[PDB]
Each structure stands twice: as C-alpha cells, then as structure tokens.
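Peer 1: give me the fold of what follows.
(chains A, B and C, ligands or ions: 3)
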Amino acid sequence: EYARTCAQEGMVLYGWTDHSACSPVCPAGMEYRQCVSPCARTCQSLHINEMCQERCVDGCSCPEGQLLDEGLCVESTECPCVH
Amino acid sequence: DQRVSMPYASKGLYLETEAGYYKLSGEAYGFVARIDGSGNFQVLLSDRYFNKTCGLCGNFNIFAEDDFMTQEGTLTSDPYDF
Amino acid sequence: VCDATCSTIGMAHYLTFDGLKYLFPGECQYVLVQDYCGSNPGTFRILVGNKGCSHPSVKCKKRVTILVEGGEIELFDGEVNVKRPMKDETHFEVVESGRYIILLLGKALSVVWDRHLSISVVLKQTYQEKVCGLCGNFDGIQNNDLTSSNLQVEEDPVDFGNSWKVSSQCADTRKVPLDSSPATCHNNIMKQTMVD
Ligand SMILES: *[C@@H]1O[C@H](CO)[C@@H](O)[C@H](O)[C@H]1NC(C)=O
Ligand SMILES: [Ca+2]
Ligand SMILES: [Ca+2]
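Peer 2: Numbering: from 1, shown residues only, chains lettered A, B, ... in the order given. Ligands and ions are numbered 1, 2, ... in the order given. Structure data below:
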C-alpha cells in the first residue's frame, strides 16, 4: 500500500519486490511487474500505436514474448485464428 | 441476481481485466474501481467531486483531520460509529 | 468511377462504400476506415468510439478520432477539438455550415458530421482497394465488404465488427437472436404499428 500510494503521488519506485520476499499473487505464467502499460499487445490485437497513451500502471503481465490468449501466456508462434 | 460473463460493457461501464486485475471503469460517471488478486479494493475518483463526496473513504478536500463527517453531518473520533 | 461515401445511419448501422447495410451494435472503439491495410504504406486511420450504444436511445454519444499526417483531431459534444496539429496544415480545412461540420483533410479525403451521430467519410478514385475497416475496401464488389482483420469473409456482421475493435480486451458484442421486433416493439404490437 505504501508503494501504490507513492506512485499515485507522482513517484514510481522500482525493484522493491526483489528483496522484500513478498510477491503479490497473480495467475499462472504471469509475474508481478511494476509499471506495465494497460494496453498489452495480445494475440488478437490490431497493431495500432500512439493511441494508448494512458498512465503507467502496476500489475502482472506475461514474459517478454509469450502473448496473452484467453487468460494465459503463450508464445507468439502458437497464436490461433478466429472464425 | 443473474450471473453474467466477463468482459461486459453495459450502461457506460466497462467491466474488464487489466494486468491480471479486474477493473470497473465509469469515466463517464467519473470513477475507476479495481480489485487485485489478494482481494484488495481500490477506487480512483475525479477532481469533479472535490469536498463533495462523503462516505467510508471520506471527503475529498485536502485535509485529513476531517475525513469522519458522519451521515448525520457531524465529526467523529471513533472510526466505527463513523 | 465516382466518389464513395460511408455512413452511420442512426446508432447501430453502417453503409459501406460499395453499398451494404448491416447491423452492428457495439460499445467499444472500432476502426471505421484506414489505409494501413495489407501491403500499403498508408496515410490515415479513422476511428469511431461509441458509449452506451448497444441499445439505440437518448444515450449513445459518439466520439471520433482521426489520425492523419501525425495529427490527432477528435470530436464529441458537438465540437471539434484538435489534440496534435498535423504537419501539412495547408490541406486541413474546416467548414461549419448548417447542421454539419464538414471537414477536409486532403485531395481525396473528407468527413461530414451532424454533431450527433452521422459519420460520412468521403473518398475518391485515388484509393480504390487500398482501405479497409467497417466500411469495406472500396473496390466495387459488395460481397467482400465483410473481409475481417484476419483476412476472411464472415457470414454474420456481429463477428465482423469485433474483428475491428481497437482494444482486444473490451467486450465482444453478443449475437442477438434475430427478431423483426427489436426491444420495445417486441410484446407491444401497437407500438410496432405506430412506429411503422
Ligand atoms: C468544501 O465544501 C463545504 C460545503 O459546505 C464548504 O463549507 C467548505 O468551505 C469547502 N471547502 C473548501 C475550501 O473547498
Ligand atoms: Ca477530509
Ligand atoms: Ca468491397
């Protein structure tokens, strides 16, 4: 709560969970980033840049690749199609 | 009473999931509410409601000494009878 | 070949360039027309954002953002608001005549807005199978206006439009069971006759 406060007051603070020995819980595959963007490019998204210029947000997201597809992380090669 | 799926967008409210965390945005009405994985609640609220709102999250002036304006309109010191 | 014209006839209907009315009620933000399609370098990207408009009512105010020449001019609440001026300001041109905001953006692009709901982007021969979106591709063929983002035709328009949403994590609008009596004309046959 102290971190989330100081971020809202206009000072984001990084890497405080590396040694704190308390990882905030998140589902399988994703781990707690700090300051991730809300418009994470997923597997069935349009490549539409310089539009999601919202504030940076705390939360958990997939690894560097490993895009999102219906509440899990999967590598971009295994992206499905939709019909 | 009817259980509905998610996402959901009715009536100016977008019930979504951002960054693993559930979100309920009401930017037309002027609020954003999200719950995290541990169950902790959070409410972001616009400056339109400055010293206007009151409730369990108090009012939105700057002073913290007067966040206990009861529903009767009086101050308090015990957090509970508030 | 003449100039073509999209349209947003009412709250939830769209008339393609080649001419195709279809029903798509949505509440997310959608690509109405863009030149960034396939192997094109591309120049512009027009979007349309509705809110509370899955059910047509005195709700459903539309917002429109248009992205051209590095610009960002958007509009809602009966007014036009620039957010980022574009480089070649010479082609930018606004005409506030009558019930409408006419809005010129180039030799072959234009927008016409009645300040409430109707969006009529006008294009010329210059493009001619270089665009795509909810308005189609402007090629003369009317049967291929439902080619989605994933490069196939759908038989159902409600699955076509959800291909063109801008945020992948907002809601997919639901398949409504097809009825001639939409919402309030359903049980009241008189109000279905007074409306006719
Ligand atoms: C906040 O609103 C109340 C309404 O009665 C007013 O009395 C008070 O002075 C306001 N405080 C400020 C300075 O905004
Ligand atoms: Ca206070
Ligand atoms: Ca066509």
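Peer 1: the helices in chain C, which residues?
Peer 2: C:157-161, C:189-195 (DSSP state H).
Peer 1: just say which of those is most tucked in.
Peer 2: The highest mean neighbour count among these, using mean count of other Cβ atoms under 10 Å in any protein chain shown, belongs to helix C:157-161: a mean of 20. The way it works is simple: take the backbone N, C-alpha and C, and place the C-beta from them, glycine included.
Peer 1: contacts for that one?
Peer 2: Residues from elsewhere that reach helix C:157-161 (Cβ atoms under 8 Å, 6 or more residues apart in numbering or on different chains): C:22-24, C:26, C:30, C:134, C:146, C:148, C:154, C:173-176.
Peer 1: distance check, residue B:58 against residue B:45.
Peer 2: Using Cβ to Cβ, to the nearest Å, residue B:58 is found at 11 Å from residue B:45.
Peer 1: typo on my end, residue C:162
Peer 2: Distance from residue C:162 to residue B:45, by Cβ to Cβ: 31 Å.
Peer 1: for the two, indicate the residue with more neighbours.
Peer 2: The neighbour comparison of residue C:162 against residue B:45 (other Cβ atoms under 10 Å in any protein chain shown) goes to residue C:162, with 22 against 16.
Peer 1: just give the nearest non-adjacent residue to residue 15, would you?
Peer 2: You didn't say which chain, so I picked chain A. residue A:34 (7.7 Å; Cβ to Cβ, 6 or more residues apart in numbering or on different chains).
Peer 1: chain C was what I was after
Peer 2: Nearest to residue C:15 is residue C:7, by Cβ to Cβ, 6+ apart, at 4.1 Å.
Peer 1: surely the one you found touches residue C:114?
Peer 2: No. Counting by Cβ atoms under 8 Å, residue C:7 stays clear of residue C:114, with 10.8 Å between them.
Peer 1: of the two, give the one with the bigger neighbour count.
Peer 2: Comparing residue C:7 with residue C:114 by other Cβ under 10 Å, the one with more neighbours is residue C:7, at 17 against 14.
Peer 1: state the distance from the residue nearest the centre of chain C to chain B.
Peer 2: Nearest to the geometric centre of chain C sits residue C:32, at 3.8 Å (Cα atoms, centre = their mean). Residue C:32 is 19 Å from chain B, where distance means Cβ to the nearest Cβ, to the nearest Å.
Peer 1: before we move on, back to that, for the residue nearest to residue A:15, phi and psi?
Peer 2: Dihedral angles of residue A:34 (phi, psi; degrees, to the nearest 10) stand at phi -130, psi 130.
Peer 1: for it, the count of nearby residues, please.
Peer 2: Neighbours of residue A:34 using other Cβ under 10 Å come to 18.
Peer 1: same thing with residue B:49?
Peer 2: 13.
Peer 1: which ones are touching the residue nearest to it when sequence neighbours are not counted?
Peer 2: Closest residue to residue B:49 apart from its sequence neighbours, by Cβ to Cβ, 6+ apart: residue B:60 at 5.7 Å. Going by Cβ under 8 Å, 6+ apart, residue B:60 touches B:45, B:47, B:49-53.
Peer 1: what's the answer for residue C:93, then?
Peer 2: C:103-105.
Peer 1: most neighbours, which of those residues?
Peer 2: residue C:105 (23 neighbours).
Peer 1: wait, doesn't the residue nearest to the centre of chain C sit right on residue C:134?
Peer 2: Yes. In this structure, residue C:32 is within contact of residue C:134 by Cβ under 8 Å, at 5.2 Å.
Peer 1: wait, what's in contact with the residue nearest to the centre of chain C?
Peer 2: Here residue C:32 is in contact with C:6, C:46-48, C:64, C:119, C:121, C:133-135 (Cβ under 8 Å, 6+ apart).
Peer 1: hmm, back to that, which one of the contacts of helix C:157-161 is nearest ligand 2?
Peer 2: residue C:26 (40.7 Å; Cβ to the ion).
Peer 1: quick one, phi psi at the closest residue to that closest one other than its chain neighbours?
Peer 2: The shortest distance from residue C:26 to any non-neighbouring residue, by Cβ to Cβ, 6+ apart, is to residue C:173 (4.8 Å). Here the main-chain torsion angles of residue C:173 (degrees, to the nearest 10) amount to phi -70, psi 150.
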